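# Structural description and commentary
Listed here are the chains, written in short residue letters.
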Amino acid sequence: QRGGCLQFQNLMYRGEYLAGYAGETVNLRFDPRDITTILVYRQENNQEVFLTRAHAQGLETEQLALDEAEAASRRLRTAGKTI
Amino acid sequence: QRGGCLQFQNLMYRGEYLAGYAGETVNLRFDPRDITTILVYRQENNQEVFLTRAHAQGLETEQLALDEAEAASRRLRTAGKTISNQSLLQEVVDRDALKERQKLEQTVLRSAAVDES
Amino acid sequence: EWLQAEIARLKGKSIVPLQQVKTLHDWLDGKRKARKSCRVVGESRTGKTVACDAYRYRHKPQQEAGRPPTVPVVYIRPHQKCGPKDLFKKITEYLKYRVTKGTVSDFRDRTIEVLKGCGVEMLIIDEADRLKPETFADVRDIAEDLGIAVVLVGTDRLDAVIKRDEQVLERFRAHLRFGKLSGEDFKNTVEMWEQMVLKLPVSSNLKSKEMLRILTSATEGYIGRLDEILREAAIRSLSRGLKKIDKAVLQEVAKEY
Amino acid sequence: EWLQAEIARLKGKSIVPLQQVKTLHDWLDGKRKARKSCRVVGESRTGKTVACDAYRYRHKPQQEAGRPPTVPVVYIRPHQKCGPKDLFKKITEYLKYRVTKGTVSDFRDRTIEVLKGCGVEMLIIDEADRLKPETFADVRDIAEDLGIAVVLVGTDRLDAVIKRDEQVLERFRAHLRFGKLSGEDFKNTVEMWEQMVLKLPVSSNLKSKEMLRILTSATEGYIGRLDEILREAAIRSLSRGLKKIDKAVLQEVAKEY
Amino acid sequence: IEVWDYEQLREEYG
Amino acid sequence: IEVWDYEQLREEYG
DNA sequence: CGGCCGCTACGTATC
Ligand SMILES: Nc1ncnc2c1ncn2[C@@H]1O[C@H](COP(=O)(O)OP(=O)(O)OP(=O)(O)O)[C@@H](O)[C@H]1O
Ligand SMILES: Nc1ncnc2c1ncn2[C@@H]1O[C@H](COP(=O)(O)OP(=O)(O)OP(=O)(O)O)[C@@H](O)[C@H]1O
Ligand SMILES: [Mg+2]
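What counts, and at which threshold
- Residues numbered from 1 in each chain as written, not as in the entry; some residues may be left out.
- Chains lettered and ligands numbered in written order.
- Part of a larger assembly, values for the part shown.
- Heavy atoms only, no water.
- Pairing = 2+ DSSP bridges.
- Helix = DSSP H or I, 4+ residues; strand = E, 2+ residues; numbered from the N terminus.
- Buried < 20%, exposed > 50% of the residue type's maximum accessible area, 1.4 Å probe, protein only.
- Right-handed = clockwise from strand over helix to strand, strands pointing away.
- Near = heavy atom within 4 Å.
- Polar contact = N/O pair within 3.5 Å; in protein donor to acceptor, adjacent residues only side chain to side chain.
- Nonpolar A, V, L, I, M, F, W, Y, C, P; charged D, E, K, R; others polar.
- Expected span 1.5 Å × (residues − 1).
- Contact = heavy atoms within 4.5 Å.
- Buried area = accessible area lost by both parts, 1.4 Å probe.
- Salt bridge = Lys/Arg side-chain N within 4 Å of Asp/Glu carboxyl O.

Residue and element names in this part refer to chain B. Where strand β3 (residues 26-31) lies against strand β4 (residues 34-44), five bridges are found, and the strand directions are antiparallel. When the bridges of β4 are listed, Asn27 appears paired with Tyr41. The antiparallel pairing of β3 with β4 creates a hairpin that spans two residues between the two strands.

As structure tokens, this is what we get:
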């Protein structure tokens, strides 16, 4: 997105080079045990290459499994609060 | 209670002589298939004596089974709405009109009980 | 023809005093004095609009001299996906001024001028959820800047939209809720439809237990179905030549649902 | 009419010296003397705008015979989808200049001139998230070029908007958060409204445990609900002739929330 | 009680 | 301790 | 301010 953001499982991520690629599609590669950091890959000459590591803004020192982020998101949507 | 009242599984009941006995203790006989009406007995000379057929006020035209009043009360508690005879009926008639295996089973079981009548 | 006179009466519309209408008019008089914003919520056939129209027909515009009309209560209804210019345009027209070509800031500056001078105390917005999300900025702005109470009317979906924004959800937190008819209240209301709206040649006795069972299953307690079922039944009764409604003819109408 | 005088008074507004307001003014003096740009954030009923009006209404404009005014602090509030021209238009009008028709660069040049002419030290932008994304280029420019502390006021959505531009995020990084009342602080504050705001003829004892349960469940700790609940209960109870607020009448007002 | 014709309220309204 | 009327603050302003 | 009395909620047992 604009300003290098990615959105994934309601978390918003930013990283060291992403803003230069705004509008492109990247392959996020992630670990379901801890989604606070994601590896971002892109395709060049039909060859996938590594781009950068993207970190969920403001929670870089925490940890979250994908199941915790998904279950908490349902509680927020049910409660009617913003995410 | 004063005003000739009995309150029971959230439902409130009124009875033909019951205002004569506010503050007293009564033995209530009821049907789990139909709790709209309560038979009221009291202790006198250390024996039960019949008193009256109390009725859920404003539900005299209506029939509630105990598991319906119970399911409506659970839903009503969790919905955060007030306790009253209609309020409980309102929390029945939507869940009635709108299925879950227990309600589907109950419908076939009911159809057998209808054929018993 | 005596029959034709009465058929023209039944297809019409009327406002009957009822406990819900009377409650709302007491509550909105409390809000109009206090200048507090609020909202009215409830299911779609409960009669929130007719209850608000009866409040617009109280508090009539006071005309004087050659001054603009003094309008205490403004009631508008937005079109689908209503923008910021569409809201001002309707406010300006309802107050009887002509809108001309300009830009957004002009509709806004002009709306605040006609809201001033001309004596507005309350603005009622029906179907509030047709508003585009940004327009709420202009609705809050008016409510805070001018001593004008704003009332938002709508269904449960309105709250689903409102909860998406804290800024709005907090100005409009107070609410009144419209419910459904039951028990003695549904039974008593059926007599008012018979003795004040229908006025059939002889009495159908709709408060009788068998007619109430038919009506209860048909209407589900909604006043917007009671008004509909009984006109449909009374038109069918009169055009077939009956002096009243009966069990089978009312079941023919109710079977259409 | 003693009643009608209290109904005319109580529907009004006041500013109370509270800890959250005294804290903001000590902080904003720090940012104004140091010329550092920053943001104030927190939930929508914490009273951030009253705390900023209490700042603007201290630090009054200074007048020198025939000079333009020396204005230490500017508070503006943008309209929805505010563009570069609308920001410059409002800053120019607030310093008491009429804005004449021109291109965006005419408004920019005149705004820079009046900010530097009126000696402005701090610019406070309320509801900052009404700004269109490009306008922050002009807000960064005002703060880079002139010795002005820009203060952005908003709620938690403002951060979701600031975080979409690295240039804004790394400048507006310093911040103060407005929080909710609790414990002794909510308890002590209820007494300040009873004795400094409501002015009822006998003590209502609102800080008692049987009354704090009612008020706690109603207000959630928001100062903007506390003032609203306690004005509405005072207006209502005086129109019934009591010299107080009591358990049942307060539970009537709280049952609307 | 009085019951209002809906088109009459429209004709009487300002 | 002092409390302020919002409208008095407006009246006292520049 | 403190005490008494209906409707829910947790713990235990058995087919
Ligand atoms: N007091 C009343 N007297 C006569 N008819 C009434 C009264 N109140 C409601 N009705 C009728 O009930 C029906 C419901 O229409 P109405 O617009 O009042 O419903 P509503 O709940 O406002 O609907 P929506 O939520 O879709 O706007 C209409 O036919 C209306 O004429
Ligand atoms: N310090 C205070 N003294 C007196 N009354 C206050 C104070 N703070 C808030 N209030 C009252 O509570 C209301 C809170 O609304 P306010 O505009 O202060 O909140 P806000 O944080 O600016 O809201 P938002 O972020 O949604 O714009 C005020 O309008 C006023 O009635
Ligand atoms: Mg504000």
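That shown, we press on.
Residue and element names in this part refer to chain C. What you see with strand β4 (residues 122-125) is no split at all: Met122 and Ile124 on one side and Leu123 and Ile125 on the other are buried throughout. With four bridges joining them, strand β3 (residues 73-76) and β4 adopt parallel strand pairing. Of the residues in β4, the one forming a bridge with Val73 is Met122. In terms of strand pairing, β4 meets strand β5 (residues 149-154) through four bridges, oriented parallel. Within β5, the residue paired with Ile125 across the bridge is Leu152. Taking the sense of rotation as the criterion, the β-α-β connection linking β4, helix α6 (residues 136-145) and β5 turns out right-handed.

Residue and element names in this part refer to chain D. Structurally, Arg67 is set in the loop between α3 (48-56) and β3 (73-76). Judged by relative accessible area, which is 54%, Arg67 ranks as exposed. When the C-alpha atoms of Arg67 and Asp227 are compared, they prove to be 42 Å apart, with 160 residues separating the residues in sequence.

Residue and element names in this part refer to chain B. In the region of DNA strand G, the neighbouring residues are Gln7, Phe8, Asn10 and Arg77. Sugar and phosphate atoms form 100% of the subset of DNA strand G atoms that lie within 4 Å of the protein. In this structure, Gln7 approaches DNA strand G through a main-chain N or O atom, which is 2.7 Å from a phosphate oxygen. Here a phosphate oxygen of DNA strand G and a side-chain polar atom of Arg77 are 2.8 Å apart. Residues that form the surface near DNA strand G fall into these classes: one nonpolar, two polar and one charged.

Let's shift gears to helix α3 (residues 101-115) of chain B. Helix length check: α3 of chain B, at 15 residues, gives a terminal C-alpha distance of 21 Å against a target of 21 Å (1.5 Å per residue), a fit within 8%. The opening residue of α3 of chain B, the one whose side-chain oxygen lies 2.9 Å from the backbone nitrogen of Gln102 of chain B, is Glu100 of chain B.

Ranked by contact count, the leading pair among the six pairs of chains in contact consists of chains D and F. For chain D and chain E, which are not in contact, the least C-alpha distance works out to 29 Å.

At the junction of the two partners, chain D supplies 18 residues and chain F supplies twelve residues. Contact between chain D and chain F buries roughly 1300 Å² in total, counting both sides, with carbon and sulfur atoms accounting for 69%. Among the residues of chain D in contact with chain F, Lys13, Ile15 and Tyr57 of chain D are the three that bury the most area, contributing 44% of the side total. For the pair chain D and chain F, the number of links is zero salt bridges. At the surface where chain D touches chain F, the tally comes to four residue pairs in polar contact. Going through the elements one at a time, β1 (14-15), α3 and α9 (183-198) of chain D are the ones with two or more residues in the side of chain D that touches chain F. When residues in the side of chain D that touches chain F are grouped by element, the largest group, four residues, is from α3 of chain D. A class-by-class count of the residues in the side of chain D that touches chain F yields eleven nonpolar, two polar and five charged.

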